[PDB]
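Worksheet for the structure shown next.
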Amino acid sequence: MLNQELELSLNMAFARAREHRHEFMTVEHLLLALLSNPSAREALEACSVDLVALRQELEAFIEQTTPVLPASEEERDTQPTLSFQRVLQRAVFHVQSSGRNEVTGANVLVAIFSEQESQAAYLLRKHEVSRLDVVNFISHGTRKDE
Amino acid sequence: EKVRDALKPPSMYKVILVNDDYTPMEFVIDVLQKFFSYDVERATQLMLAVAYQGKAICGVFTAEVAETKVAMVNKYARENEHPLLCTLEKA
Ligand SMILES: [Pt+2]
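Protein sequence lines, in the order shown, are assigned to chains V and B. Taking UniProt numbering, the leading residue of the first sequence gets 1, the next gets one more, and so forth. Taking UniProt numbering, the leading residue of the second sequence gets 16, the next gets one more, and so forth.
Right under this line is the structure:
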């Protein structure tokens, strides 16, 4: 699940969750963070996705739906959701089984689509992006929607 | 032309605590406080709701958060060895 570039994104995603004292680390925080992950950002730009709109949509959603800790509590800073754990394991399994040894933001972006029931997967579809589109960009060439 | 399957935003879910005869009342009050940040004199009234009605809605979250919460609650009950059951409810 490491790539330096990806790890940074994960760090930023958690730091953001902890800043607003969010109780959970969501697939939406993840995608939010991935918007500034070059690997991920690139695949999304090739899919003509409005990143400004997506970013706004994601931030609005996590503030309105993410439970906030009691400000007191222990410290138990942000609990990753099961969905979050799943997209990561999926990206990691895909890389491992491909014979490669690097998990990029784009690999993670692909794994998000299989999390039906996540707002993130919903927002990507809303922006006319599908798993196939990202997969086509990742492989072959810049198979872009444009 | 067309454009693949439907969309529909994810649905919100209800998190529920089921009643049973082996879980002690104090433990459920504990769960309501630890996993739902409920007021002492609010969790306690909610445990009564579960006992009386046999089931009680403890909150409403996104499908993603609800799923995680249900799992946290059940894992906790299990570790404390109580058949306290937490469930998911659409709509
Ligand atoms: Pt950061």
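Even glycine gets a Cβ: it sits at the ideal position worked out from N, Cα and C.
For residue 68 (chain V), no beta strand (DSSP E) run applies, since DSSP gives it neither H nor E.
With a cutoff of 7 Å, residue 25 (chain V) does not count as near ligand 1, since its C-beta is closer than that to no heavy atom of the ligand. The distance from the Cβ of residue 24 (chain V) to that of residue 67 (chain V) is about 7 Å, consistent with a contact at the 8 Å cut-off. Within the same chain, and ignoring the five residues on either side of residue 102 (chain V) in sequence, the residues whose Cβ sits closer than 7 Å to its Cβ are 3 and 95.
Under a 10 Å Cβ-count criterion, residue 125 (chain V) is classified as buried, with 16 or more other Cβ atoms of the shown protein chains found around its own Cβ. Identification of chain B residues near residue 125 (chain V) by a Cβ-Cβ cut-off of 7 Å yields 22, ordered along the chain. Annotation: residue 58 (chain V) to residue 32 (chain V) spans about 6 Å, alpha carbon to alpha carbon.
If you draw a 10 Å sphere on the C-beta of residue 22 (chain V), you find 16 or more other C-beta atoms in it, and that means buried. Distances taken from the Cβ of residue 11 (chain V) to the heavy atoms of ligand 1 include one shorter than 7 Å. Going by DSSP, residue 77 (chain B) is part of the beta strand (DSSP E) stretching over 70–77. Taking C-beta atoms as the reference points, residue 34 (chain B) and residue 70 (chain B) count as a pair closer than 8 Å.
At least one heavy atom of ligand 1 is found less than 7 Å from the C-beta of residue 15 (chain V). DSSP lists V:24 as the beta-bridge partner residues of residue 79 (chain V). As a beta-bridge residue in DSSP terms, residue 29 (chain B) pairs with B:75 and B:104.
Around the beta carbon of residue 29 (chain V), a 10 Å sphere encloses 16 or more other beta carbons of the protein chains shown; the residue is thus reported as buried. For the C-beta of residue 86 (chain B), the chain V residues within less than 9 Å are, from N- to C-terminus, 82.
The beta-carbon separation of residue 43 (chain B) and residue 101 (chain B), rounded to 10 Å, does not stay under the 8 Å limit for a contact. With respect to the 8 Å criterion, residue 28 (chain B) and residue 75 (chain B) are classified as neighbours on the basis of their beta carbons. Only 74, 76, 77, 78, 79 and 80 from the region 56–81 of chain B bring a Cβ to less than 9 Å from some Cβ of chain V.
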